[PDB]
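Taking the form deposited in one PDB entry, here's one chain by itself in structure tokens.
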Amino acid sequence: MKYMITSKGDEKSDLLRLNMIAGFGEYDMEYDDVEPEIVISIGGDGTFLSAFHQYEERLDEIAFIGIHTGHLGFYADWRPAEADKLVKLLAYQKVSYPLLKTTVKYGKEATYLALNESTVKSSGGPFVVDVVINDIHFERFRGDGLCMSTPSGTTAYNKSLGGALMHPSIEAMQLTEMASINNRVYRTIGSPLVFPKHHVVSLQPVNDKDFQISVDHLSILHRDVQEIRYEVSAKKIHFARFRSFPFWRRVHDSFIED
């Protein structure tokens, strides 16, 4: 089976990568980083996020596995000490999580896939956008910005913004406010909003049309924007699971105690 390994690039992770490669060498396994069917990420969640984006064009052909040699490592299912057990075991059931499609339109159009979230802020200056849900104008948002999160993303930036944590079996996206202004004149919903598949949330500029748009902690300035459009993707990320590690246990281990 074709596979590749990414590494955080520190000494621990590179050696672990070389060892697993040596170990895969004792089985019918081909190292191919062009068309892998298995992608192993060794490092933190940042490393895992990079792996996902490195291969976001072949998501339906790939199953991902994360090994943690980072700090928090929330998409990690394995400690390094378990690495040889993993090479053997891999020589399994697939689990799918929902993703977020962002469409950015100008005056052509670009689309992006997120595993955690997509956010919008201004290119400096006040941020003001009209929020339109399924063609119906919902609110005019004034403030720092907005965050649209996938279910697995809900434990990340979304969480820090007061969003709910959402089991990844729920096909949804969640919109949270960053520092909205609310007074006599200006009004937002305040609460996070959870949208199902097939709902489209569109942000439309009011004055300024330059925005800093992020997808999974890669941030780009987009100029001359006419619309930013959010929807649950039809595409999913697939994980190879070799044992039960339930989402809520993963949440417990990362936030309550481990």
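Residue numbers run from 1 along the displayed sequence. Think of the rigid core as the biggest set of C-alphas that the two forms share within 1.5 Å after superposition.
Another form exists, deposited in another entry; not displayed. Remarks below refer to it.
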query: Rigid core fit then residue 138 CA moved by 2 Å or more between this form and the one not shown; finding: no
query: Residue 160 C-alpha relocation of at least 2 Å between this form and the one not shown, rigid core basis; finding: no
query: Did residue 185 shift 2 Å or more between this form and the one not shown, C-alpha, core superposed; finding: yes
